[PDB]
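Before any questions on how it binds or moves, here is one chain, the form deposited in one PDB entry, in structure tokens.
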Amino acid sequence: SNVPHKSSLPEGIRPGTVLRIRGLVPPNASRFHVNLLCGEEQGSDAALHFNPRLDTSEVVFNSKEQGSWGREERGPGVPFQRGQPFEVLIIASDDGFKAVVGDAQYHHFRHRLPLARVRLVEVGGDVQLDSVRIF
């Protein structure tokens, strides 16, 4: 494992930016995450932390600012399964991020940090990442 994926967003992201993540959850995965970060330094603020937790069957959403985590939000269940492929859309809108899993909107995360600060996508944890694409 032990390596996160990083993708720069040269144009930043605006309402209408779509991140498509395709991958599969390894059969003994505990957790993985997708972070929208505001810069390339290791403590940088996270506009969005999307963290499916399959050892506890839940999906946590949060933000991180000046080094401290915000309040956890969480969706209905976990739309991921060990050993199973997935396709996630993270869609930037004017008032938040829409997290789509499969064929259904899973959660709407209202913006906590300004959208214009987001500068990179990071994908880490127990996941087999097939493809990260920005549209």
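Position 1 is the first residue in the sequence shown; the rest follow in order.
One more form of this protein, deposited with a small molecule bound, exists but is not displayed; see below.
*Asks:* Spell out, yes or no, whether the shortest heavy atom distance between residue 74 and the small molecule in the deposited complex is within 4.5 Å.
*Replies:* Within the cut-off, so yes.
*Asks:* Looking in the deposited complex, any heavy atom of residue 60 within 4.5 Å of the small molecule?
*Replies:* Contact check for residue 60: yes, within 4.5 Å of the small molecule in the deposited complex.
*Asks:* Quick one: does residue 108 come within 4.5 Å of the small molecule in the deposited complex, counting heavy atoms only?
*Replies:* Contact with the small molecule, no.
*Asks:* Does the 4.5 Å heavy atom contact test between residue 98 and the small molecule in the deposited complex come out positive?
*Replies:* Although the small molecule is absent here, residue 98 would stay clear of it in the deposited complex, with no heavy atoms inside 4.5 Å.
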